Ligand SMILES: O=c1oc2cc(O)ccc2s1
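Next up is one chain by itself, shown in structure tokens, the form solved without the named molecule.
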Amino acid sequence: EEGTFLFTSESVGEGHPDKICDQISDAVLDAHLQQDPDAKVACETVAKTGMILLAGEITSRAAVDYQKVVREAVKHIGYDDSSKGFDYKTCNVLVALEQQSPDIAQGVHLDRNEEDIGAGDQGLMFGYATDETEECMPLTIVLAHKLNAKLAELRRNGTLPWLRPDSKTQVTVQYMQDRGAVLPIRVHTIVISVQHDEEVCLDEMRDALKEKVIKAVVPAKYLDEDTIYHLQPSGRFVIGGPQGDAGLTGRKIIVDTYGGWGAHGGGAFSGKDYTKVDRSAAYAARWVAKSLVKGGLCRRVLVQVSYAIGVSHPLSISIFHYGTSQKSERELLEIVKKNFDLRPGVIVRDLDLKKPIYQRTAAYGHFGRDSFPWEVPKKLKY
């Protein structure tokens, strides 16, 4: 219908190989932060059949047992037997970690007052918020994440014991335009692909995915006779995890954020401490966007920020309200200037970014969940 459009977002499960890497990178970050709140961490993870490799740079006073940290993260995910394609007990864990470059350290944080630390890199970052859900996230991505979480729940509780940890989901919603804001109308298409054991047949899987997964997550009001279902569309997914597809940290950046809505500056979150603005400034930009929506200044908003390595203040700040505010971009920028300080050395304090809660962010999206500091709106003064 006129004034409507489709939008699609995807999500992946905890055992998707890229997501395994994000979770391991953040388990390593958390392990360091538990002993050294000021650890400098830049931990990439790579996963392929039988292998977890850590590559990157860490300067920290912590004593971390990488073998134990990696294996415990893989155990949590559920890869605990060679029949599943990967086993935390018996996989190879390889470590290629060096200190942070002294050239970066001297230009970013050495001999600097914490509030005045430089950005750990240049880059651009965006924050986004939409009033279409209470949590201020797009419905497409929320539903896609919840479908993966449901698969993991039914795997872990033994309801569907043929499930394995690697999964992907995709949701297409038809939206109505509403003066710049968007209103979900119906779910147009759902995709679910999930790794499974050798014994279960396709019909049993398709029936369970519709009845026990989709119906348990997606409100019936969004589903109708025209909704298209692609359930196990490849027909067979026994080989999975890193054995089926090499994974890397920071290869699910759109799943981690807004499912394609808003915008993205390209930076990966996992495996990085607060001085890496790819993460901290994106979290702060989400916090600003959500504060503008919860504060009633707009219904839908996009915030861009950018930095130069070694420089504390952002180089640029931009706000686009999609036509959903009575205030101009200039007025919203002035409100943001009066209420937020987007230097990394201040974001760390406001968002408590030395706390070891990062592994919890590394599956099911970094935003719209669990009342993390960047999800608690700031009361705005103007």
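All residue numbers refer to positions in the sequence shown, first residue = 1.
Below: the form deposited with the named molecule bound, not depicted.
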With the partner left out here, check for me: in the entry with it bound, does some heavy atom of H145 sit within 4.5 Å of the named molecule? yes
_4.5 Å heavy atom contact, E135 and the named molecule in the entry with it bound_ = yes
### Message
in the entry with it bound, is there a heavy atom of the named molecule that lies within 4.5 Å of any heavy atom of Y364, even though the partner is absent here?
### Response
yes
### Query
Hey, in the entry with it bound, is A149 touching the named molecule, heavy atoms inside 4.5 Å?
yes
Answer among 137 to 145, 220 to 228, 205 to 213, 80 to 88 for heavy atoms within 4.5 Å of the named molecule in the entry with it bound: the stretch 137 to 145
